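Residue numbers (PDB author numbering), protein chains in the order written: chain I, 27 to 274; chain A, 27 to 274; chain F, 27 to 299, 335 to 548.
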Amino acid sequence: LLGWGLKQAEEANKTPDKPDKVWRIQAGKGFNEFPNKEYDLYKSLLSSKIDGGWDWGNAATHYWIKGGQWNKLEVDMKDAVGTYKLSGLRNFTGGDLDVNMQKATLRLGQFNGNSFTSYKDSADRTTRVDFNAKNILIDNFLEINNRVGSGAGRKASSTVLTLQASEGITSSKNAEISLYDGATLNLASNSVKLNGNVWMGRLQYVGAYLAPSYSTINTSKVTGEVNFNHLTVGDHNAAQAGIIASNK
Amino acid sequence: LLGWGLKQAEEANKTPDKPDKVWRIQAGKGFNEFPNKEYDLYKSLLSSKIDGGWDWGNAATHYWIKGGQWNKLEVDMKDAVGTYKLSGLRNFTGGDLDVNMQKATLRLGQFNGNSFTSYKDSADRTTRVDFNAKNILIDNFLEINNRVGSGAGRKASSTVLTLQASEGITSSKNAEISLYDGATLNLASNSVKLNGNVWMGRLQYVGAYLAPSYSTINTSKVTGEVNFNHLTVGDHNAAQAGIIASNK
Amino acid sequence: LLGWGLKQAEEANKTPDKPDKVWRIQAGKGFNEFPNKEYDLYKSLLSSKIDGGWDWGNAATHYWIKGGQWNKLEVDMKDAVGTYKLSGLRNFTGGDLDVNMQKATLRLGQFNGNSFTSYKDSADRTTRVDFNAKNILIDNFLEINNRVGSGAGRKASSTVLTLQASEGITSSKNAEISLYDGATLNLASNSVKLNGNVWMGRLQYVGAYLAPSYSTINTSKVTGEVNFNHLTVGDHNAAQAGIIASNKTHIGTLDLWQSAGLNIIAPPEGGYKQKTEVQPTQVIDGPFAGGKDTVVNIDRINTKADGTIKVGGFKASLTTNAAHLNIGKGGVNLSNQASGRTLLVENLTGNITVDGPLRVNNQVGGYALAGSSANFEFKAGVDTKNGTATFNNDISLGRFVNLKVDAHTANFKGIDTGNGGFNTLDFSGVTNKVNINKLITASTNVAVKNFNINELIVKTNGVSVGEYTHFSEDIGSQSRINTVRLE
Numbered sequence: 027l028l029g030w031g032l033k034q035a036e037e038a039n040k041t042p043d044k045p046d047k048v049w050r051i052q053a054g055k056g057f058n059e060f061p062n063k064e065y066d067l068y069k070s071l072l073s074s075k076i077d078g079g080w081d082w083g084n085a086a087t088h089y090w091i092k093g094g095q096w097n098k099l100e101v102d103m104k105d106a107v108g109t110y111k112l113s114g115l116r117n118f119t120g121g122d123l124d125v126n127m128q129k130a131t132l133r134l135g136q137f138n139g140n141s142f143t144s145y146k147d148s149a150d151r152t153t154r155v156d157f158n159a160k161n162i163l164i165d166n167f168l169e170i171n172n173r174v175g176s177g178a179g180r181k182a183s184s185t186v187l188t189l190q191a192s193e194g195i196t197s198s199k200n201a202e203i204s205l206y207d208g209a210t211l212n213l214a215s216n217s218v219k220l221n222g223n224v225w226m227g228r229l230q231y232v233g234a235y236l237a238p239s240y241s242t243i244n245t246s247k248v249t250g251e252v253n254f255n256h257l258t259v260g261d262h263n264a265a266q267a268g269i270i271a272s273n274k
Numbered sequence: 027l028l029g030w031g032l033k034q035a036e037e038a039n040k041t042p043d044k045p046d047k048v049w050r051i052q053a054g055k056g057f058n059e060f061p062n063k064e065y066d067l068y069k070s071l072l073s074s075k076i077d078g079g080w081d082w083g084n085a086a087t088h089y090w091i092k093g094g095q096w097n098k099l100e101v102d103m104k105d106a107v108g109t110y111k112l113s114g115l116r117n118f119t120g121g122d123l124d125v126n127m128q129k130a131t132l133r134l135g136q137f138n139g140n141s142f143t144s145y146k147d148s149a150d151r152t153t154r155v156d157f158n159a160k161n162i163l164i165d166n167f168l169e170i171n172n173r174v175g176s177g178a179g180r181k182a183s184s185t186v187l188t189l190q191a192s193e194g195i196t197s198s199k200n201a202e203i204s205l206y207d208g209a210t211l212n213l214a215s216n217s218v219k220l221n222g223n224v225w226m227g228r229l230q231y232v233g234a235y236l237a238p239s240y241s242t243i244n245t246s247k248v249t250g251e252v253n254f255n256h257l258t259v260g261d262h263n264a265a266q267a268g269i270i271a272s273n274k
Numbered sequence: 027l028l029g030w031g032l033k034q035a036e037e038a039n040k041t042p043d044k045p046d047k048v049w050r051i052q053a054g055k056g057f058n059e060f061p062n063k064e065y066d067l068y069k070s071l072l073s074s075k076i077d078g079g080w081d082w083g084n085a086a087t088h089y090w091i092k093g094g095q096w097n098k099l100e101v102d103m104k105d106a107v108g109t110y111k112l113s114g115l116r117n118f119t120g121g122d123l124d125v126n127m128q129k130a131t132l133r134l135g136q137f138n139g140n141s142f143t144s145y146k147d148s149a150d151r152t153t154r155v156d157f158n159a160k161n162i163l164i165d166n167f168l169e170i171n172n173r174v175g176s177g178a179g180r181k182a183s184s185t186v187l188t189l190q191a192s193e194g195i196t197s198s199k200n201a202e203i204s205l206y207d208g209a210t211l212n213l214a215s216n217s218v219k220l221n222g223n224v225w226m227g228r229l230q231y232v233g234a235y236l237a238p239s240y241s242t243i244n245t246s247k248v249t250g251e252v253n254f255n256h257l258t259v260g261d262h263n264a265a266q267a268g269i270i271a272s273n274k275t276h277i278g279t280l281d282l283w284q285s286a287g288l289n290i291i292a293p294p295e296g297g298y299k335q336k337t338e339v340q341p342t343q344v345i346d347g348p349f350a351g352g353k354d355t356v357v358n359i360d361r362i363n364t365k366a367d368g369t370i371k372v373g374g375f376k377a378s379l380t381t382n383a384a385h386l387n388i389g390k391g392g393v394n395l396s397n398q399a400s401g402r403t404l405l406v407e408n409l410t411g412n413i414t415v416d417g418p419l420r421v422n423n424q425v426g427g428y429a430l431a432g433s434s435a436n437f438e439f440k441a442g443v444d445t446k447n448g449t450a451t452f453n454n455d456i457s458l459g460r461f462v463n464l465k466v467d468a469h470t471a472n473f474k475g476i477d478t479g480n481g482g483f484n485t486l487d488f489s490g491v492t493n494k495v496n497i498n499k500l501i502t503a504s505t506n507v508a509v510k511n512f513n514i515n516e517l518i519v520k521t522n523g524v525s526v527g528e529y530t531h532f533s534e535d536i537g538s539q540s541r542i543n544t545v546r547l548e
């Protein structure tokens with residue numbers, strides 16, 4: 027009921043969280059010399075300190091970092107060369123990623139999209155899912171702060187996606203980007219062309235027609251070209267989104 | 027998932043409930059000599075052993091008989107003469123009425139319709155709301171096994187309306203009869219002309235598009251003329267109602 | 027919120043209570059041979075198995091029978107002779123007295139009145155304070171179901187006084203009988219003359235202006251003469267009392283409040299006569350009719366109207382099933398507040414015979430302000446529809462006062478509205494005859510369906526225009542005016 031002028035404003039200057047267990051996976055040699063190999067990145071690197079599981083009751087999958095949903099995973103590459111697909115990183119609840127990939131190419135989907143969800147605990151934490159790639163190349167759909175399963179279970183709090191490409195972000199034609207009730211999106215790239223469905227705000231739940239559902243695509247640091255194709259806000263509710271662009 | 031061939035069949039031959047506190051209000055003299063007076067019946071008789079209240083959380087009103095929703099109220103008139111409106115008996119949860127009104131005229135609405143709801147306790151009891159009037163004359167809308175408030179709170183189990191007029195039942199033009207997920211309706215009258223909206227099955231809840239919602243209008247004992255005008259089954263679900271008529 | 031038609035009806039056929047410790051004090055010899063001795067009865071007999079005490083917090087005294095407020099005290103005299111004062115039996119909570127005093131004289135006050143209060147426990151018990159005297163002779167004030175102390179503490183539930191004199195009950199002049207929120211009073215005597223203040227319903231608490239406060243004086247078994255002097259119902263609340271009399275009633279002054287109710291109800295034409338658990342049969346009745354020789358001889362109807370301002374009136378009202386309603390020579394008075402006060406003199410199965418001057422602010426003319434529409438109202442024969450509202454005395458309507466009669470045959474002797482004007486002189490309920498014998502109109506709204514107003518005065522009203530004698534509805538077939546005089 028506060029409005030996006032207030033609901034986004036409370037989340038501008040925050041400390042990230044209180045994470046213990048700061049895992050520091052350093053991908054050393056081997057990855058640093060194959061520019062065209064098409065690594066998977068979820069399995070050839072990241073499934074070591076990311077454990078899946080089952081959320082007992084109304085789940086498809088269940089993910090965190092390590093031992094509860096309040097532990098940081100930081101990856102220190104800064105010189106790894108190649109290209110990396112995710113292809114199915116779905117219902118990642120987790121918290122405090124920063125996949126730091128200088129001179130590395132990303133892909134967030136190959137036959138399967140991704141997800142970066144939060145949980146509504148007693149602390150109400152933002153997951154702060156970060157990326158630091160060179161070309162991100164969304165290429166399949168991405169759902170940020172999506173519904174975990176069907177209504178019940180551990181509810182989804184606010185969450186943040188942050189992207190730090192340095193050379194460009196495209197998106198696929200049917201890459202339905204649909205970020206929800208608390209989900210944001212920062213960008214630090216240029217030539218942003220989200221050429222598929224961009225869907226700010228939706229029914230997070232099938233019966234919540236009274237959803238405030240303030241979302242944000244905070245592209246305030248885009249140094250180049252912004253372009254959408256299909257911006258569709260509002261679905262059976264008062265979905266009042268917002269965009270802080272970069273003056274074009 | 028059982029289907030109305032099974033879901034109605036489990037409720038054919040049941041004991042009513044286990045009611046303690048069998049209240050026996052006998053309306054004696056005074057009522058027995060004014061054929062045209064237009065009594066109210068909820069207030070001039072029935073509000074004595076029916077206590078209202080508040081359901082703490084998502085309610086409009088709150089009703090039972092006396093001290094919890096598991097007590098019987100029986101009324102022994104059998105010779106009272108006159109006419110009786112209800113005009114607002116809404117969110118009556120209660121249980122085990124049998125308003126026995128020989129040679130008495132009824133009305134179930136005057137500027138305000140009624141309701142006869144159940145609760146989903148650990149016993150899963152049918153309220154067995156009975157009537158034994160001479161002319162019932164619905165005349166405003168009636169919602170049986172309706173949603174109590176908005177979704178949450180004490181859920182609504184199956185319930186039964188039973189009517190035993192002996193001379194006729196009409197209904198008003200906008201008298202939207204909409205009985206829901208477990209609600210039935212027996213009749214023992216004749217010249218049944220439910221000339222308004224008859225609505226078997228609906229979304230009991232705003233997000234329950236997967237509702238089975240088997241309802242019934244068991245007019246198996248109508249000795250005369252059956253007539254509807256607007257029979258509308260199904261609302262965003264697989265509402266599979268049924269009717270056991272009386273061979274016409 | 028149930029109303030006295032329900033609130034009294036739940037207490038008709040009840041088991042008394044569940045009392046243990048049934049004390050049986052038998053006053054033997056000694057008491058049985060002094061007819062004129064003037065015993066005290068509280069101290070020479072009854073203080074043995076009645077223990078006083080202190081209610082810790084907001085009390086004056088504290089009383090019960092023996093060891094908690096749920097024990098019976100029964101006294102078995104049946105032949106004791108003499109006279110017995112109480113003189114101070116106050117804040118008796120107790121429960122289940124029946125002081126059985128055949129051929130014995132009582133007195134309920136001598137320099138000090140009495141009290142018979144209840145407690146609101148988890149059982150909500152009626153104390154059933156009984157008496158079985160020969161002459162009771164109230165003689166000082168008595169407060170039944172009074173406030174115990176000041177607001178807090180153990181609250182007062184419903185309670186019952188029952189009296190069974192066999193020869194007579196008087197009362198003193200300042201014997202302010204004021205029974206409250208649940209208090210009743212049965213009588214089985216004759217020649218009842220409660221010649222002091224009789225006060226049904228009051229603020230039981232000083233801040234409870236929203237008090238329902240249904241009380242009862244159920245004199246249904248009085249075989250002789252009923253008489254009040256000062257019947258005053260209503261005190262800053264909707265005190266809606268009731269009386270079930272014994273087919274003859276005279277009251278004196280009726281000082282009703284703004285929003286007071288009253289249900290003077292006669293006897294009928296034939297008069298009066335785990336495990337599943339079966340509750341007993343609760344016999345309840347609708348509003349029936351009083352018998353043939355059933356008369357309500359009210360001789361004054363006043364109004365106590367002050368305090369706050371509501372957007373309508375307040376409608377002090379009575380109700381009668383008796384075959385007549387003879388409102389005597391004091392007639393009708395009405396104190397007028399800023400808003401427009403209302404007076405429902407309803408009679409279900411009878412007539413309305415007002416033989417008195419209809420005053421307002423204690424004057425007959427009674428001019429009123431703009432917002433104040435003093436809506437006098439009468440309903441003669443609602444459910445029988447042969448009820449005449451006869452005003453055998455000349456009425457006079459001043460300004461912003463509104464006679465309306467909804468009867469079967471509204472007889473009159475003269476209606477004077479034109480001096481003050483602005484009179485909605487409605488007669489819409491009146492079936493056939495509105496037999497007005499004289500009419501004064503200057504600025505009136507006389508809407509009569511059928512009449513024979515055999516004299517007509519149509520006055521002027523100065524320089525004010527648009528204001529005139531106004532037959533605003535159908536005049537009909539059998540209409541008649543035997544004299545028109547345009548002045």
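We treat Cβ as the ideally placed atom computed from N, Cα and C, and that holds for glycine.
- Under DSSP, the beta-bridge partners assigned to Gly-268 (chain I) are I:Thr-242.
- Residue contact check for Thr-337 (chain F) against chain A: a CB pair falls below 8 Å.
- DSSP lists F:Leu-379 and F:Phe-439 as the beta-bridge partner residues of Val-406 (chain F).
- Between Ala-86 (chain I) and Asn-117 (chain I), the CB-CB gap stays under 8 Å.
- Within the same chain, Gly-194, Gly-250 and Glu-251 come within 6 Å of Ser-217 (chain F) by CB-CB distance, once the 5 residues on both sides are set aside.
- One Cα belongs to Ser-504 (chain F), the other to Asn-522 (chain F), and the distance between them is close to 7 Å.
- Proximity of chain I to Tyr-231 (chain A) at the Cβ level (cut-off 8 Å) is accounted for by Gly-233, in chain order.
- The Cβ of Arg-50 (chain A) sits closer than 8 Å to at least one Cβ of chain F.
- The shortest CA-to-CA distance from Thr-143 (chain I) to any of I:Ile-170, I:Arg-154 and I:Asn-166 is the one to I:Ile-170.
- Put simply, the backbone Cα of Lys-376 (chain F) is about 37 Å away from that of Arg-546 (chain F).
- Residues of chain A with a Cβ closer than 8 Å to the Cβ of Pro-294 (chain F) are, in chain order, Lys-55.
- Cβ neighbours of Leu-112 (chain F) within its own chain (closer than 7 Å, five residues either side excluded): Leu-67, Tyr-68, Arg-133, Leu-134, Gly-135 and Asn-140.
- A Cβ of chain F is located within less than 8 Å of the beta carbon of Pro-45 (chain A).
- For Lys-55 (chain A), the closest C-alpha among the options F:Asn-200, F:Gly-227, F:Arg-541 and F:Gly-297 is that of F:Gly-297.
- For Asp-346 (chain F), the nearest CB of chain A lies under 8 Å from its own CB, placing it at the interface with that chain.
- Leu-123 (chain A) and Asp-156 (chain A) do touch by the CB rule: their CB atoms are close to 6 Å apart, below 8 Å.
- At the C-beta level, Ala-383 (chain F) and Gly-411 (chain F) come within 8 Å of one another.
- Here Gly-31 (chain A) carries a helix assignment [DSSP, helix/strand/coil].
- Apart from the 5 residues on each side of it in sequence, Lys-104 (chain I) sits with its Cβ closer than 7 Å to the Cβ of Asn-126 and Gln-128 in its chain, given in chain order.
- The count of Cβ pairs closer than 8 Å, one atom from the region 89-104 of chain I and one from the region 46-64 of chain I, reaches three, so the stretches are in contact.
- Closer than 8 Å to the CB of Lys-63 (chain A) there is at least one CB belonging to chain F.
- When CB distances to chain F are screened at a threshold of 9 Å, not a single residue of the region 117-133 of chain A falls below it.
- Exposed is the label assigned to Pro-61 (chain I), since fewer than 16 other Cβ atoms lie within 10 Å of its Cβ.
- The C-beta of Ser-215 (chain F) has 16 or more other C-beta atoms within 10 Å across all chains shown, which makes the residue buried.
- Sequence-distant partners of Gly-287 (chain F) (beyond 5 residues in either direction) whose C-beta falls short of 6 Å from its own C-beta, in its chain, are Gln-266 and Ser-378.
- Taking a contact to require three or more Cβ pairs closer than 8 Å, the region 160-179 of chain A and the region 69-77 of chain A do not qualify as touching.
- One alpha carbon belongs to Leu-211 (chain A), the other to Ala-35 (chain A), and they sit about 14 Å apart.
- Against chain F, the CB of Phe-254 (chain A) has no partner CB under 8 Å away; the residue lies outside that interface.
- C-alpha of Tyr-235 (chain I) to C-alpha of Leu-229 (chain I): approximately 7 Å in a straight line.
- No residue range can be given for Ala-350 (chain F), since it is assigned to no beta strand (DSSP E) and is classified by DSSP as neither H nor E.
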